[PDB]
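This is what each chain is made of:
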Amino acid sequence: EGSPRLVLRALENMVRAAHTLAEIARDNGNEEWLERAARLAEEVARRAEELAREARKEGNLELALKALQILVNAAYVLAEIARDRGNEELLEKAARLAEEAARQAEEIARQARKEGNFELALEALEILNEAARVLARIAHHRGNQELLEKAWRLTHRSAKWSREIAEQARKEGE
Amino acid sequence: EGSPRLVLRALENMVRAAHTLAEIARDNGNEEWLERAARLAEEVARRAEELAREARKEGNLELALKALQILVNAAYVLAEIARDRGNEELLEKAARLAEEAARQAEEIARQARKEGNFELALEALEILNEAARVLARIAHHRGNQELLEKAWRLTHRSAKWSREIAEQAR
Amino acid sequence: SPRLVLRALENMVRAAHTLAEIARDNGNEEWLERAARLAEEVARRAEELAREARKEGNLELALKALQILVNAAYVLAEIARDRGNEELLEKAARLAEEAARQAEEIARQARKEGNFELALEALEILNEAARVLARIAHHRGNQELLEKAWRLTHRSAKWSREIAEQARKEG
């Protein structure tokens with residue numbers, strides 16, 4: 001018996017370090033230190049994909065969303081490491097990681113809106129913002145109009161489906 | 001009845017969306033997208049101001065202050081868009097929204113300070129920082145020194161009254 | 001009420017941060033010194049609240065007092081870089097170095113005591129402190145302190161991974 005919330009909170013610390021490591025390597029022109037930072041971010045993305053995968057099978061979608069957030073943040077670290085280093089092969093893998101998190105975050109948001117689970121939807125709609133903000137930035141440094149439009153549309157679904165809940169949770173006769 | 005907790009988190013997602021749209025439009029130079037981003041941010045400014053008014057008429061000051069920061073967040077997005085499009089009519093509209101948030105935030109701090117409710121007072125003084133951060137950025141992007149002194153005076157008020165409450169609890 | 005004293009201190013760092021932004025973006029030298037004295041003030045205040053709460057056994061309060069210390073150390077460091085003041089970079093280095101120790105010490109105690117939540121809460125402040133020390137070492141030309149902040153960040157990642165394996169389900 002363990003605590004998946006603690007595995008979450010630990011993975012939160014590892015991207016913050018991977019982001020800090022990439023920052024230190026970048027500001028000081030250390031190509032070997034970029035590689036050690038990129039290797040750390042590659043673990044978390046693989047670690048975040050497993051936890052989100054497992055949490056989906058047991059039906060706790062709140063963990064799934066929080067795991068997809070860490071997947072998004074790791075995709076942002078790997079993205080800017082690939083850019084400051086001319087590696088377009090990582091930017092593809094980084095974009096497809098953020099896009100998969102954006103795809104799954106919409107699934108949970110779409111189904112939570114269908115059930116009336118207002119809290120799951122808003123939490124999932126928060127993660128769509130995080131994934132869509134990263135998809136747009138990554139697609140900008142890659143010249144992909146379609147995923148840039150995808151990031152634009154996803155943000156509007158975050159705004160519209162949240163607006164529904166806001167009007168749908170208004171006072172009785174306001 | 002209704003759920004103000006749901007209305008808040010829904011409003012919070014809506015500002016985050018408007019902030020993202022403004023960034024996506026800005027980084028890609030799509031002026032038509034900037035209009036859509038500003039239209040949504042001005043929308044949330046209504047909702048936040050409306051709920052803040054309703055929440056205070058009930059005396060629910062925590063909900064009110066949480067609504068006032070949504071104003072500051074919505075007002076800050078509008079200010080950044082007016083910075084790009086050269087739109088002077090929105091800089092005026094954006095500053096008046098932050099001035100209104102700093103207005104109500106200080107009044108709730110004064111009443112809570114006079115009632116001994118120091119937790120609420122410190123939460124209200126946080127929003128003066130939020131509002132004055134926007135007015136300072138606006139005053140810089142329009143060269144207005146009178147508004148800098150406002151933002152500086154309001155930021156300085158947040159620290160002065162917070163230290164007073166801190167030593168009251170020593 | 002130390003939770004109230006803490007909450008007020010988190011407000012002044014936000015204030016000290018904003019005043020420095022107003023001063024830097026508008027080049028007002030009298031305002032920058034004004035912001036620095038507020039930043040160093042909270043760092044000294046937060047330093048006292050941390051040891052008060054730690055000698056009392058309230059480690060959650062001590063860590064949140066340590067983040068305020070890190071944030072104030074960041075405010076002073078950003079001011080010193082934009083103003084080329086080497087004596088202020090030294091003060092910012094002390095404050096982040098102090099926070100880096102206590103974050104690592106509390107992490108060791110809570111980890112040996114099995115409190116994995118505090119351990120991760122203390123390890124996150126290591127990132128906060130090491131990230132500040134890294135920028136200081138860059139704008140100050142010190143390779144050893146840079147190398148120090150680089151081990152400190154790895155320790156945040158390495159010790160978190162172990163707790164990540166200590167907390168997984170047995171399947």
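Looking at the entry header, you'll see X-ray crystallography listed as the method and 3.0000 Å as the resolution.

(A) A look at the overall build of chain A. Along its length, chain A carries six helices and zero strands. Secondary structure elements of chain A, listed N to C terminal, follow the sequence α-α-α-α-α-α. Computed over C-alpha atoms, the radius of gyration of chain A comes to 17 Å, within 12% of the 16 Å expected from 2.2 N^0.38 for 174 residues, which places it in the range of a compact globule. For the C-alpha atoms alone, the extent of chain A along its principal axes is close to 60 × 45 × 25 Å. Of the contacts formed within chain A by residues at least 6 apart in sequence, a portion of 65% connects residues at least 24 apart.

(B) Main features of the packing of aromatic side chains. Their ring planes at 5° and their centres at 4.5 Å tell us that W33 of chain A and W150 of chain C sit as a pair that is stacked. Of this pair, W33 of chain A sits in helix α2 (residues 31-58) while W150 of chain C is found in helix α6 (residues 143-166), placing the two residues in two different chains. Relative to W31 of chain C, the ring of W152 of chain B has its centre 5.1 Å away and its plane inclined at 10°; by these criteria the two rings are stacked. Taken as a pair, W152 of chain B in helix α6 (residues 145-168) and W31 of chain C in helix α2 (residues 29-55) lie in two separate chains rather than in one. Its guanidinium or amino end placed over the ring of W159 of chain C, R155 of chain C lies 5.7 Å from that ring's centre, counting from NZ or CZ.

(C) Structural view of helix α4 (residues 88-115) of chain A. All names here are of chain A. Compared with an ideal rise of 1.5 Å per residue, which puts 28 residues at 40 Å, α4 spans 41 Å between its outermost C-alpha atoms and is within 8% of the ideal. One side-chain oxygen of the residue at the start of α4 lies 2.8 Å from the amide nitrogen of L90, identifying that residue as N87. At the C-terminal side of α4, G116 shows a positive phi close to 85°.

(D) Just the interface of chain A and chain C, in detail. Tallying the contact residues gives 24 residues for chain A and 27 residues for chain C. Among the elements that line the side of chain A that touches chain C, the one with the most residues is helix α1 (residues 4-27) of chain A, at 15 residues. A class-by-class count of the residues in the side of chain A that touches chain C yields ten nonpolar, six polar and eight charged.

(E) View of the packing of helix α1 (residues 2-25) of chain C against α2 of chain C. Residue and element names in this part refer to chain C. Axis separation between α1 and α2 bottoms out at 9 Å; the angle between their running directions is 160°. The orientation of α1 with respect to α2, classified from their angle, is roughly antiparallel. Like other packed secondary-structure pairs, α1 and α2 cross with a definite hand, here left-handed. Within the contact of α1 with α2, the residues separate by chemical class into 19 nonpolar, no polar and two charged.

(F) Representation of helix α3 (residues 61-84) of chain B in the model. Over its 24 residues, α3 of chain B runs 35 Å from end to end, which matches the ideal 34 Å to within 8%, given 1.5 Å per residue. Of the residues flanking the end of α3 of chain B, it is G86 of chain B, one or two places downstream, whose phi is positive at about 60°.

(G) Looking closely at the interface of chain C and chain B. Taken together, the contact between chain C and chain B spans 21 residues of the former and 22 residues of the latter. Of all the secondary-structure elements, those providing two or more residues to the side of chain C that touches chain B are α1 and α2 of chain C. Residue contributions to the side of chain C that touches chain B peak at 14 residues, all from α1 of chain C. Split into classes, the residues belonging to the side of chain C that touches chain B amount to nine nonpolar, five polar and seven charged.

Thresholds applied
- Residues numbered from 1 in each chain as written, not as in the entry; some residues may be left out.
- Chains lettered and ligands numbered in written order.
- Heavy atoms only, no water.
- Residues with missing side-chain atoms left out of burial classes, pairs and counts.
- Helix = DSSP H or I, 4+ residues; strand = E, 2+ residues; numbered from the N terminus.
- Rg over C-alpha atoms; globule rule 2.2 N^0.38 Å.
- Contact = heavy atoms within 4.5 Å.
- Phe/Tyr/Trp six-rings, centres within 6.5 Å; stacked < 30°, edge-to-face > 60°.
- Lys NZ or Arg CZ within 6 Å of the ring centre and 35° of its normal.
- Expected span 1.5 Å × (residues − 1).
- Polar contact = N/O pair within 3.5 Å; in protein donor to acceptor, adjacent residues only side chain to side chain.
- Nonpolar A, V, L, I, M, F, W, Y, C, P; charged D, E, K, R; others polar.
- Axes fitted to C-alpha atoms, helices over the stretch in contact; angles between N-to-C directions.
- Parallel < 35°, antiparallel > 145°, perpendicular 65-115°, else oblique.
- Left-handed = near helix turned anticlockwise from the far one by under 90°.

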